[PDB]
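What follows is one chain in structure tokens, specifically the form deposited in one PDB entry.
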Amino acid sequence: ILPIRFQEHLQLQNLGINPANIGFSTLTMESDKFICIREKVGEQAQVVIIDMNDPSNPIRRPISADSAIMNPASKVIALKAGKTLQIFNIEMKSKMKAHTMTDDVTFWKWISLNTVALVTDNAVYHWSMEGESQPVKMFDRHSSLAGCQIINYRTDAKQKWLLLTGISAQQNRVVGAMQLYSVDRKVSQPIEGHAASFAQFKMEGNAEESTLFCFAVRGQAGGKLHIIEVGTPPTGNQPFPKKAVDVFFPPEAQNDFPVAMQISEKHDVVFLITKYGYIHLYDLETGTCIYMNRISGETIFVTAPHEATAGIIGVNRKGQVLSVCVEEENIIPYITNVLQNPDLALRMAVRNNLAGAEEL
């Protein structure tokens, strides 16, 4: 029995998607509701939008955009061509917002239902869709990310901790460079890391949720996963004790590294996916590694939270849309009987109201 449920939702090539457009710079998946692909049909650029609730009926539209990102919840698309940004409500056939940057945007992403983050060579901006807001600079980029391909930007729930992630080659490996910025302290911290997420976690004995920062890295010391509280604990809270655990890479995966992370706050579990298709699960509280295995023979380049199961959904270069979530009926006996960790099993059972620890 497996502590996870692993599903294939879609094979994009069955919708006529050219596998040449299945990659990081042409396919976006900002949430589990839509996938968006830029393709050139003949001389014409277009965008194909796949509604994950109705995948046999993709919308195709001509565009002149070098990047397209759908809103996480609504058919509202952000498109850019160089310095020109335009936000369109597709169903209303209207341009909601336009802005012209004074720098190219090398990465952008919806960080919430209504804010787009924009990364230039020099800085990171947030652009709210409310009212007449223009982009606001959040911080300047740290020099440790200079030259990196930017691959992710995330925030905590309150948008007080901001995390920029780049990668580059140093000594013939892929090295991750992160910039963690505190909005309240206005201080950046450079961190070596490949994939990360924030999460809200309420410790036993605390009245308030802690904000945790979880990041995985393959460094010189090998693979490591860290879980720490960021910021000053809310008044009355105990601090969350820092965790650090190994991230295993097998000897035949010598150039693999972590590419994606999502955290289930329903199960307090960390899903970590590596570039070459390995899935790891860790307990958010303790960092204990629950499971590893390989789920994709092709590289995975984009993930989102899989809302329904509180898992992780993603796309590989073949165009499979795959998800992993916790198998709620199996996870506790797995931990008890295969990992032989009754302490963790029992803890997770009562912590997240899962069945199976009636017998340990």
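Counting begins at 1, following the sequence as shown.
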Would you determine, from the values in the PDB entry, which of 228 to 236 and 259 to 267 has the greater average C-alpha temperature factor?
228 to 236
Going by the mean C-alpha B-factor recorded in the entry, which is higher: 42 to 50 or 318 to 326?
42 to 50
Per the deposited B-factor column, the C-alpha that peaks among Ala78, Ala196, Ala221, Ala117 belongs to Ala221
Among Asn172, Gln179, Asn152, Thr211, highest Cα B-factor in the entry goes to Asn172
Of the three thirds of its chain by CA temperature factor, lowest, middle or highest, which one includes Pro305?
lowest
Among the modelled residues of its chain, does the C-alpha B-factor of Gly131 lie in the lowest, middle or highest third?
highest
Please place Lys242 in the lowest, middle or highest third of its chain by C-alpha B factor as given in the entry.
highest
Third assignment of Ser94 from its chain's C-alpha B-factors:
highest
Split the chain's modelled residues into thirds by Cα B-factor; is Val187 in the lowest, middle or highest one?
middle
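Omitted from view is the form deposited with a partner chain bound, to which the following refers.
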Within 4.5 Å of its partner chain in the deposited bound form, heavy atoms considered, which of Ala73, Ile151, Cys289, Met129?
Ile151
One residue of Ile111, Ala123, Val174, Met101 in contact with its partner chain, assessed in the deposited bound form (non-hydrogen atom, 4.5 angstroms):
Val174
Region of this chain that lies against its partner chain in the deposited bound form, out of 133 to 141, 261 to 269, 166 to 174, 280 to 288 [heavy atom, 4.5 Å]
166 to 174
With heavy atoms only and a cut-off of 4.5 Å, decide whether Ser31 touches its partner chain in the deposited bound form.
no
4.5 angstroms heavy atom contact with its partner chain in the deposited bound form for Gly23
yes
Partner proximity in the deposited bound form: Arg218 to its partner chain, non-hydrogen atom cutoff 4.5 Å
no
Even though its partner chain is not shown here, does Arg317 get within 4.5 Å of it in the deposited bound form, heavy atoms only?
yes
